[PDB]
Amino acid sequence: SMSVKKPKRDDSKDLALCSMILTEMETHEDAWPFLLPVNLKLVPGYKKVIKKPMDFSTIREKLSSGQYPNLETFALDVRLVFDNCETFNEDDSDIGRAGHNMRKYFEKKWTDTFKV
């Protein structure tokens, strides 16, 4: 509260660490469904169904341009990629399976990097 500050974690490295995580995600072999925004002409339904599109290239742009206030806002956009993927794709599809794999991959890096 006013004049009563909790010690807070050192956030000085967060930009570099998030960039590294993103690089790792961009180079994963299962990243192909997520590298660029979904093309609304090739993909019937995505426009109406997915209210907040997101993809790795949009995250990279936002990260490079100071549009994440903090590391949680970054993680929210990564998770949004995978949540949108699950909304739109059967678990059993190649893209569905890709999204599950990429989510697991991200979350371990997240925990390892910042929960420690």
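The first residue of the sequence shown is number 1, and the count goes up from there. Here the rigid core means the biggest group of C-alpha atoms that line up within 1.5 Å when the two forms are laid on top of each other.
Undergrad: Comparing against the shown form in 8 other deposited structures of this protein, which stretch has the larger RMS C-alpha deviation after a rigid core superposition, 7-15 or 104-112?
TA: Stretch with the larger root mean square C-alpha distance in 8 other deposited structures of this protein: 7-15.
Undergrad: For a rigid core alignment of each structure in 8 other deposited structures of this protein onto the shown form, which stretch has the higher root mean square Cα deviation: 42-50 or 65-73?
TA: Result of the core-fitted comparison in 8 other deposited structures of this protein: 42-50 deviates more.
Undergrad: What stretch has the higher average Cα B-factor here, 75-83 or 35-43?
TA: It is 35-43.
Undergrad: Can you tell me whether 105-113 has a higher mean C-alpha B factor than 2-10 in this record, or the other way round?
TA: Taking the mean C-alpha B-factor of 105-113 and of 2-10, the larger value falls to 2-10.
Undergrad: When you compare the CA B-factors of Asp30, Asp55, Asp91, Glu61 as listed in the entry, which one comes out on top?
TA: Result of the comparison over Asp30, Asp55, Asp91, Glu61: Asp91.
Undergrad: Going by the entry, which third of its chain does the Cα temperature factor of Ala98 land in?
TA: Lowest third, going by the recorded CA B-factors of the chain.
Undergrad: Comparing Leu17 with the other modelled residues of its chain, is its CA B-factor in the lowest, middle or highest third?
TA: Answer is middle: the recorded C-alpha B-factor places it there.
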